[PDB]
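One structure is given below, encoded as structure tokens.
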Amino acid sequence: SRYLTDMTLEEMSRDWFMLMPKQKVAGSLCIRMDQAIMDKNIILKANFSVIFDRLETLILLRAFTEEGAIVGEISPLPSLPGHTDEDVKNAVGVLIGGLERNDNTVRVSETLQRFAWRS
């Protein structure tokens with residue numbers, strides 16, 4: 001599989017904090033985000049494996065503000081016996097929705113919007 005990423009090697013490994021922590025689990029993927037963050041522009045970016053540009057498995061997804069700070073993450077449990085597009089889609093619905101309720105403008109990367117929004 002090729003690793004396909006919307007974020008750099010630095011960004012995908014960068015550690016972060018939440019001023020107001022929130023967790024919800026959808027798709028058996030843990031969505032973690034900072035509820036304090038409001039009105040900002042955010043880009044959702046992922047790091048995942050693909051087999052010839054078709055998603056195999058999400059590895060990690062992070063939401064970055066225009067300030068460059070990570071303000072959210074979607075991470076699978078490292079113990080799922082399979083993976084579906086629907087899992088990632090439902091989890092992206094949690095993260096976009098929480099940010100949107102906090103009035104943020106939410107952008108989605110080129111590949112993420114295919115398998116987690118158009119699917």
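Labels for the structure tokens follow display order: chains A, B, ..., residues from 1 in each chain, ligands from 1.
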DSSP on the backbone, helix (DSSP H, G or I) only: what residues of segment 4-95 of chain A does that give? Format it as a VMD selection string.
chain A and resid 9 to 13 85 to 95
Between segment 6-48 of chain A and segment 76-81 of chain A, at 10 Å or less, what are the per-residue closest atom pairs and their distances in Å? Count only C-alpha atoms, order by chain and rising residue number, and return it as a tab-separated table.
```
residue	atom	partner	partner_atom	distance
A:25	CA	A:76	CA	9.3
A:26	CA	A:76	CA	9.6
A:27	CA	A:76	CA	8.3
A:28	CA	A:77	CA	6.5
A:29	CA	A:76	CA	4.1
A:30	CA	A:76	CA	6.0
A:31	CA	A:76	CA	8.6
```
Using C-alpha atoms, can you write the selected residues to a file as a short mmCIF file (atom, residue, chain, number, x, y, z; two decimals), in the first residue's frame?
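Result saved to part09.cif:
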```cif
data_model
loop_
_atom_site.label_atom_id
_atom_site.label_comp_id
_atom_site.auth_asym_id
_atom_site.auth_seq_id
_atom_site.Cartn_x
_atom_site.Cartn_y
_atom_site.Cartn_z
CA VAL A 25 -16.85 7.42 19.43
CA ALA A 26 -18.47 6.69 16.06
CA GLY A 27 -17.45 3.90 13.69
CA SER A 28 -15.41 2.57 16.61
CA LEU A 29 -13.07 5.45 15.83
CA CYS A 30 -12.43 7.81 18.74
CA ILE A 31 -13.04 11.44 17.77
#
```
Return the single residue from A:5, A:90, A:75, A:23 that is closest to residue 53 of chain A, with distances computed using only C-alpha atoms.
A:5
Leaving out residue 111 of chain A and any residue of its chain fewer than 5 positions from it, which residues lie within 12 Å of it when counting only C-alpha atoms, given as a PyMOL selection string?
chain A and resi 4-7+44-50+53-55+58+61+85+116-119
Just checking: using only C-alpha atoms, which residue out of A:35, A:59, A:22, A:71 ends up closest to residue 88 of chain A?
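Smallest separation from residue 88 of chain A among the options: A:59.
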Please report the interatomic distance between atom CA of residue 95 of chain A and atom CA of residue 72 of chain A in Å with one decimal.
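Atom CA of residue 72 of chain A lies 7.3 Å from atom CA of residue 95 of chain A.
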Skipping near chain neighbours, those fewer than 2 positions away, what residues fall within 12 Å of segment 101-106 of chain A using only C-alpha atoms, listed as number ranges by chain?
A: 33-45, 63-66, 71-72, 92-99, 108-109, 113
Let's see if you can do this: from backbone DSSP, list all strand (DSSP E or B) residues in chain A, as a PyMOL selection string.
chain A and resi 2-5+21-26+29-34+41-51+54-65+70-76+105-108
Output of the above residues as a tab-separated table (two decimals), in the first residue's frame, restricted to N, CA and C atoms:
```tsv
chain	number	residue	atom	x	y	z
A	2	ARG	N	0.40	2.31	-0.61
A	2	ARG	CA	1.10	3.59	-0.55
A	2	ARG	C	0.53	4.28	0.67
A	3	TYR	N	1.33	5.05	1.38
A	3	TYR	CA	0.78	5.90	2.42
A	3	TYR	C	0.38	7.15	1.68
A	4	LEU	N	-0.82	7.65	1.93
A	4	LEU	CA	-1.30	8.86	1.29
A	4	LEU	C	-1.67	9.77	2.44
A	5	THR	N	-1.18	11.00	2.38
A	5	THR	CA	-1.40	11.94	3.46
A	5	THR	C	-1.67	13.34	2.95
A	21	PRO	N	-11.50	19.54	26.51
A	21	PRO	CA	-11.58	18.22	25.87
A	21	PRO	C	-12.99	17.69	25.62
A	22	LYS	N	-13.15	16.96	24.53
A	22	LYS	CA	-14.40	16.27	24.20
A	22	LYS	C	-14.02	15.00	23.46
A	23	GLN	N	-14.66	13.88	23.78
A	23	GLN	CA	-14.50	12.64	23.04
A	23	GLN	C	-15.90	12.12	22.71
A	24	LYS	N	-16.05	11.51	21.54
A	24	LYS	CA	-17.27	10.81	21.16
A	24	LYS	C	-16.68	9.68	20.32
A	25	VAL	N	-17.35	8.55	20.21
A	25	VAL	CA	-16.85	7.42	19.43
A	25	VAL	C	-17.92	7.10	18.40
A	26	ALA	N	-17.54	7.02	17.13
A	26	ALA	CA	-18.47	6.69	16.06
A	26	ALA	C	-17.64	5.85	15.10
A	29	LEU	N	-14.20	4.56	15.98
A	29	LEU	CA	-13.07	5.45	15.83
A	29	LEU	C	-13.31	6.49	16.92
A	30	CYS	N	-12.29	6.81	17.70
A	30	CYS	CA	-12.43	7.81	18.74
A	30	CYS	C	-12.21	9.16	18.09
A	31	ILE	N	-13.15	10.07	18.27
A	31	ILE	CA	-13.04	11.44	17.77
A	31	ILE	C	-12.72	12.23	19.02
A	32	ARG	N	-11.65	13.00	19.02
A	32	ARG	CA	-11.28	13.83	20.17
A	32	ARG	C	-11.15	15.24	19.62
A	33	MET	N	-11.66	16.24	20.31
A	33	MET	CA	-11.57	17.61	19.82
A	33	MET	C	-11.64	18.65	20.92
A	34	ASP	N	-11.18	19.85	20.59
A	34	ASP	CA	-11.20	20.99	21.50
A	34	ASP	C	-12.44	21.87	21.31
A	41	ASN	N	-10.97	29.02	10.89
A	41	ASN	CA	-10.99	28.16	9.72
A	41	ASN	C	-10.23	26.91	10.15
A	42	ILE	N	-10.71	25.73	9.79
A	42	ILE	CA	-10.08	24.45	10.12
A	42	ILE	C	-9.98	23.66	8.82
A	43	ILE	N	-8.89	22.94	8.61
A	43	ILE	CA	-8.76	21.96	7.54
A	43	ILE	C	-8.64	20.58	8.19
A	44	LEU	N	-9.52	19.65	7.83
A	44	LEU	CA	-9.35	18.25	8.24
A	44	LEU	C	-8.36	17.61	7.27
A	45	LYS	N	-7.34	16.94	7.80
A	45	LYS	CA	-6.28	16.31	7.01
A	45	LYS	C	-6.10	14.88	7.53
A	46	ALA	N	-5.78	13.91	6.69
A	46	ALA	CA	-5.57	12.54	7.16
A	46	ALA	C	-4.24	11.95	6.69
A	47	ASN	N	-3.84	10.87	7.34
A	47	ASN	CA	-2.71	10.01	6.98
A	47	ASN	C	-3.34	8.62	6.97
A	48	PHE	N	-3.23	7.91	5.86
A	48	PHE	CA	-3.96	6.65	5.68
A	48	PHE	C	-3.24	5.81	4.64
A	49	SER	N	-3.55	4.53	4.54
A	49	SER	CA	-2.93	3.69	3.52
A	49	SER	C	-3.92	3.52	2.38
A	50	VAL	N	-3.41	3.48	1.16
A	50	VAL	CA	-4.23	3.23	-0.03
A	50	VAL	C	-3.62	2.12	-0.87
A	51	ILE	N	-4.47	1.41	-1.59
A	51	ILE	CA	-4.04	0.42	-2.57
A	51	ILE	C	-4.47	1.08	-3.87
A	54	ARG	N	-7.15	3.85	-3.66
A	54	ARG	CA	-8.39	3.47	-2.97
A	54	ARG	C	-8.06	3.23	-1.51
A	55	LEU	N	-8.80	3.84	-0.59
A	55	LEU	CA	-8.54	3.70	0.84
A	55	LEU	C	-8.50	2.23	1.26
A	56	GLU	N	-7.47	1.87	2.01
A	56	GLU	CA	-7.40	0.57	2.65
A	56	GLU	C	-7.83	0.77	4.11
A	57	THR	N	-7.10	1.60	4.85
A	57	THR	CA	-7.41	1.85	6.26
A	57	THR	C	-7.01	3.27	6.65
A	58	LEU	N	-7.84	3.97	7.41
A	58	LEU	CA	-7.45	5.25	7.99
A	58	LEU	C	-6.40	4.96	9.06
A	59	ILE	N	-5.30	5.69	9.09
A	59	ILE	CA	-4.30	5.49	10.15
A	59	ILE	C	-4.56	6.55	11.21
A	60	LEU	N	-4.60	7.81	10.82
A	60	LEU	CA	-4.86	8.90	11.75
A	60	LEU	C	-5.40	10.10	10.98
A	61	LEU	N	-6.30	10.86	11.57
A	61	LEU	CA	-6.84	12.06	10.94
A	61	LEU	C	-6.73	13.15	11.97
A	62	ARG	N	-6.33	14.35	11.57
A	62	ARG	CA	-6.17	15.48	12.48
A	62	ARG	C	-6.84	16.69	11.85
A	63	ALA	N	-7.36	17.58	12.67
A	63	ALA	CA	-7.99	18.81	12.20
A	63	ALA	C	-7.08	19.94	12.64
A	64	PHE	N	-6.67	20.78	11.70
A	64	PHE	CA	-5.71	21.85	11.96
A	64	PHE	C	-6.40	23.17	11.72
A	65	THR	N	-6.24	24.14	12.60
A	65	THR	CA	-6.75	25.48	12.34
A	65	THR	C	-5.86	26.19	11.35
A	70	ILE	N	-3.30	21.80	15.94
A	70	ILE	CA	-4.24	20.68	15.84
A	70	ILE	C	-5.28	20.93	16.92
A	71	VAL	N	-6.55	20.88	16.54
A	71	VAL	CA	-7.67	21.10	17.45
A	71	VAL	C	-8.64	19.92	17.45
A	72	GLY	N	-8.31	18.88	16.71
A	72	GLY	CA	-9.12	17.68	16.72
A	72	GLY	C	-8.40	16.52	16.08
A	73	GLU	N	-8.85	15.31	16.36
A	73	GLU	CA	-8.23	14.09	15.88
A	73	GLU	C	-9.34	13.04	15.73
A	74	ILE	N	-9.21	12.15	14.76
A	74	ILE	CA	-10.04	10.95	14.68
A	74	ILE	C	-9.00	9.84	14.59
A	75	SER	N	-9.10	8.87	15.48
A	75	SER	CA	-8.15	7.77	15.54
A	75	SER	C	-8.90	6.45	15.68
A	76	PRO	N	-8.63	5.45	14.82
A	76	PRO	CA	-9.28	4.16	15.09
A	76	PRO	C	-8.85	3.57	16.42
A	105	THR	N	-15.38	27.48	10.36
A	105	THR	CA	-15.56	27.17	8.94
A	105	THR	C	-14.68	25.97	8.66
A	106	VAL	N	-15.26	24.89	8.18
A	106	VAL	CA	-14.56	23.61	8.13
A	106	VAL	C	-14.31	23.17	6.70
A	107	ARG	N	-13.04	23.06	6.36
A	107	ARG	CA	-12.55	22.62	5.06
A	107	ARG	C	-12.17	21.16	5.21
A	108	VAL	N	-12.24	20.41	4.12
A	108	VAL	CA	-11.93	18.98	4.16
A	108	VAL	C	-10.94	18.73	3.02
```
Option closest in space to residue 17 of chain A, from A:100, A:110, A:69, A:115 [counting only C-alpha atoms]
A:69
